[PDB]
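S.K.: experimental coordinates follow, after the sequence.
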Amino acid sequence: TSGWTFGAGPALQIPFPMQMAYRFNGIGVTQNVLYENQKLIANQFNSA
Amino acid sequence: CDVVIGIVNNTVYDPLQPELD
Ligand SMILES: *[C@@H]1O[C@H](CO)[C@@H](O[C@@H]2O[C@H](CO)[C@@H](O)[C@H](O)[C@H]2NC(C)=O)[C@H](O)[C@H]1NC(C)=O
Ligand SMILES: *[C@@H]1O[C@H](CO)[C@@H](O)[C@H](O)[C@H]1NC(C)=O
C-alpha cells in the first residue's frame, strides 16, 4: 500500500500500479513501459 | 492516450506558442 515510505517515516499511500512504475524507473526503464502494458505484467507476474 | 488506464483530460501549457504567436 505504501511501498518503502513507511520505513522512513509516515506511511504514504500511492496506487500500486504507480508503485511498480517507480520501481522500473529505479532500474533505468522508462515508466511508460508499465503504464502501456499494465495487464501483461500483472498477468505474467501472477503465473510466475 | 488510449492504452494507459487512468488517464485524465487536462491542458498542457506550452510556453513558446503564446509568446511566439
Ligand atoms: C477526454 O477527451 C476525449 C476527447 O474529447 C474524450 O473522447 C470523447 O468522448 C466522448 C464521450 O464522452 C465521445 O462521444 C467522443 O467521440 C470522444 N472523442 C474521441 C475523439 O474519441 C474522452 O471521453 C475524454 N475523457 C473523459 C473521461 O471525459
Ligand atoms: C478504480 O476502481 C473503481 C472502483 O472502485 C473503478 O470504477 C475505476 O474504474 C478504477 N479506476 C481505474 C483507473 O482502474
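M.R.: Done, it's in. Residues are numbered from 1 along each chain as shown, chains lettered A, B, ... in the order given. Ligands and ions are numbered 1, 2, ... in the order given.

S.K.: quick one, what contacts the closest residue in space to residue A:19 that isn't next to it in sequence?
M.R.: Excluding the flanking residues, the one nearest residue A:19 by CB to CB, 6 or more residues apart in numbering or on different chains is residue A:3, at 4.7 Å. Yep, even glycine has a C-beta here, placed from its N, CA and C like the rest. Under the criterion of CB atoms under 8 Å, 6 or more residues apart in numbering or on different chains, the contact partners of residue A:3 comprise A:14, A:19, A:22.

S.K.: before we move on, what about residue A:13?
M.R.: Contacts were defined as CB under 8 Å, 6+ apart; by that measure residue A:13 touches A:1-2.

S.K.: find the helix or strand that it is a member of.
M.R.: Using DSSP states H and E, residue A:13 is not contained in any helix or strand.

S.K.: burial measure for residue B:4, as a count.
M.R.: Applying other CB atoms under 10 Å in any protein chain shown, we find 13 residues neighbouring residue B:4.

S.K.: I figured it hits residue A:37, correct?
M.R.: No - applying CB atoms under 8 Å, one finds residue B:4 not in contact with residue A:37, separated by 9.7 Å.

S.K.: what does chain B have sitting close to chain A?
M.R.: B:3-6 (CB under 8 Å from any CB of the partner chain).

S.K.: try 10 Å this time
M.R.: Proximity of chain B to chain A is assessed by CB under 10 Å from any CB of the partner chain, with B:3-7 identified as the residues in range.

S.K.: and the two most separated of these?
M.R.: Greatest spatial distance in the residues of chain B next to chain A: B:3 and B:6, 11.0 Å, computed using CB to CB.

S.K.: now do the shared contacts for those two.
M.R.: Residues touching both residue B:3 and residue B:6 by CB atoms under 10 Å, 6 or more residues apart in numbering or on different chains: A:35, A:38.

S.K.: buried residues in stretch A:11-23?
M.R.: When neighbours are counted by 16 or more other CB atoms under 10 Å in any protein chain shown, the buried residues of stretch A:11-23 are found to be A:19-21.
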